[PDB]
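Here we start with a single chain on its own, the form deposited in one PDB entry, put down as structure tokens.
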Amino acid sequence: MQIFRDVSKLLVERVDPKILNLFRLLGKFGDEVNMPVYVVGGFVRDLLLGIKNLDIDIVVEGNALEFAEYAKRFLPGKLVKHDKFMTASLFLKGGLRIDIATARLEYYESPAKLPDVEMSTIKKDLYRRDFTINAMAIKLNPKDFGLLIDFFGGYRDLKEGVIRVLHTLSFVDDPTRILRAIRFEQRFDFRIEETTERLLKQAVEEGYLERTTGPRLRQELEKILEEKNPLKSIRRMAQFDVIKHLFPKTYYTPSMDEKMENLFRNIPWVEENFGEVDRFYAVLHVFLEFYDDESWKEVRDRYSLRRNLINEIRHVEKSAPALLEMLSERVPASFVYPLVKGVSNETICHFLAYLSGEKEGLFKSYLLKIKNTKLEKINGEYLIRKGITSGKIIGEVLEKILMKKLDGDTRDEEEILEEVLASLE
């Protein structure tokens, strides 16, 4: 299979001129310090796919700290060195960020061994990457500038739309990929080929998913839910039995599946009308239903979660069937008010996950009715001017006139107020 290709034309045509000049300069610097310079990762992939990619990952063969320190004087900005893994991050004044890493054999020799055929060193660095499409590099050195370097066939997999791991232990080294793969499947329209699907299933069933830290898995989950087709992602994780390994007490049934369908269907509506909605907590709302205190404590400790989330969830699971019967009997909005009263948008999404069709339209209508229709006059300071006073009572009265206003009867103010006061006797 063909390894090297010429992307130079694609480079100059597609890439932003600023980033391009940065590439040129970095390559030249590399020639000056006798270090081969590459740009690697998602940038290459997106470059082939015609997608804008801001973050740039540079891989040099040599000391990356020396290369960065060398490129700092010529490039305005702030250098942050981490001497652990020999990596540096150079923040340019333009707002761009350059990530520079070291490619070396962990033995090698000094001075730097000259270029070897097939470029073993950089190959060794690209073998550690997750998927073939992210395993490709591009040489920035002026002589070789615009050289696409693909050992593992990431180009072929890019044309055929294939998600493929590098080796059999890929999911063992970084089980987070189990999620990421799925995300990629939904990021583009791509398919996970047979072997890595087997490797994924094996990885999940062997409990490598639980070994990894919570926050990373939560991060990849959040990234998954912000992609284009969340439903297909959730169902994909369901196929691989990922959901129960992430959340032990969550069992994915056709009922829960339908809930997720309604949920993702109604999320754009809530986001439109009620504003920004966290999709992670929106999904956990359905997932974490009927969790006992122990399990909730564990799942909250693993992936850090709001301590008040379980209260909202339990509120929903408390008022859901009653809500169903309310919408079934065409009950006035005054009775549906206390349930959705002070709740978060995520809670509202959860409620919407329980219904479709006529009940959906009705609940949305009542929702928009509650969102609007707030107040005109009277309330507290004006009730001070009147017979009542001193605390809770007047607030109760407020809720009364609000309820009479939500029942469909609205004319003016003190008329409804007088009705309420007459009913207080």
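Numbers for residues come from their place in the sequence shown, where the first is 1. What we label the rigid core is the largest C-alpha set whose atoms superpose within 1.5 Å from one form to the other.
Keep in mind that the form deposited in another entry is not shown, yet the notes after this line are about it.
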| Which listed residue (223, 235, 306, 81) has a Cα shift of at least 2 Å between the shown form and the other one, rigid core superposed? | 81
| When you overlay the rigid core, is the Cα of residue 363 off by 2 Å or more between the shown form and the other one? | no
| request: Compare the position of the CA of residue 123 between the shown form and the other one after a rigid core fit and state whether the shift reaches 2 Å. | output: yes
| said: For residue 320, does the CA position differ by 2 Å or more between the shown form and the other one when the superposition is done on the rigid core? | reply: no
| Closer or farther: how do the CA atoms of residue 215 and residue 96 lie in that other deposited form, compared with the form shown, if the change is at least 3 Å? | farther
